[PDB]
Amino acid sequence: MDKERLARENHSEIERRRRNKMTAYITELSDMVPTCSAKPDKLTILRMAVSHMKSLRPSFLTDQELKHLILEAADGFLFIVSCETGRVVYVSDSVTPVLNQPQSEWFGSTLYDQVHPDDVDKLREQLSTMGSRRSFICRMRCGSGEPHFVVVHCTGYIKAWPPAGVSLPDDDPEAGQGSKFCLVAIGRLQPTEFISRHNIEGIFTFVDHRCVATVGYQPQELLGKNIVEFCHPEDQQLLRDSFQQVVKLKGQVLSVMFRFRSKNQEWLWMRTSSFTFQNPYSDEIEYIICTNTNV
């Protein structure tokens, strides 16, 4: 219709919406300041809001409020370790509700001293040499009994040391460390078939993703482990005999039925057919190929 009239009407309603939103925000303010909601016009509401904000008062939140929101969102504890030696430079008090460890067991300690030995090598990989992030999974010791380990997902980044704005006094323990880079990270707790490849000992070295649908484990939860570790004790030597026999009979297929402990710690009957892959030049066994099927 008339382009000038429609422009005018759109503009008038835009200004009307603006006025309405201003009024709504002023009502919110009246709800948010002390003596108001306990009735006042716009000017007194604004003056009381000014006074209340002067009371309350650059970041929108304090450091403590930010930390509170992050930990309320997804738990975790902060640690700052040095890359050359794994030396724990800082640990948050959140390590107590996460690992049931006091802050005192991580200070003067090393990240290698706090993880499972089978993981220490991996740790070095993560500590050697957007924003150069790091994302890994490890096993950390806990309170306890005997040694107690829990899987911990770690998310962090490499930071040039020392950090800006933080005073490093002359007589501080950190004064003679001289570490150049540090890892700053958060640690947080927590009928088909699939193919796989193993070495002649039975260690998972390739795992099809369909493992999740077949036995409930992620591929990372199987790789590196021996298949016999997931097999029923009364089927374990049968499975081992099959693995040792398939090596003697290269090319021939061997089938074996056994109980596989799913991740629900439930026994599932599995039929595994296995054969060897021969190196086409030297005829040596490269690995054992298994098809593992639900029964």
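Each residue number is its position in the shown sequence, starting from 1.
Looking at the other PDB entries for this protein, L123 is present in the model in all of those that include the residues around it, rather than absent from a third. Among other compared entries that model residues flanking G145, a third or more give it no coordinates. Per the record, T129 and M130 are separated by a gap of 10 or more residues from the deposited sequence that were not modelled.
The entry shows a gap from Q190 to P191, with 10 or more unmodelled residues of the deposited sequence in between. In this entry, the higher average B-factor at the C-alpha atoms falls on 120 to 128, of the pair 148 to 156 and 120 to 128. Averaged over Cα atoms, the B-factor as recorded in the entry is higher for 108 to 116 than for the other of 108 to 116 and 93 to 101. In this entry, the residue among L249, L69, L46, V256 with the greatest C-alpha B factor is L249. Per the deposited record, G176 carries the highest C-alpha B-factor of all listed residues (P169, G165, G86, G176). Sorting the modelled residues of the chain by their CA temperature factor places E284 in the lowest third.
Split the chain's modelled residues into thirds by C-alpha temperature factor. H52 is in the lowest one.
Among the modelled residues of its chain, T23 has a C-alpha B-factor that falls in the middle third according to the deposited record.
Among all modelled residues in its chain, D31 ranks in the lowest third by Cα B-factor.
Among the modelled residues of the chain, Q278 sits in the middle third by CA temperature factor in this PDB entry.
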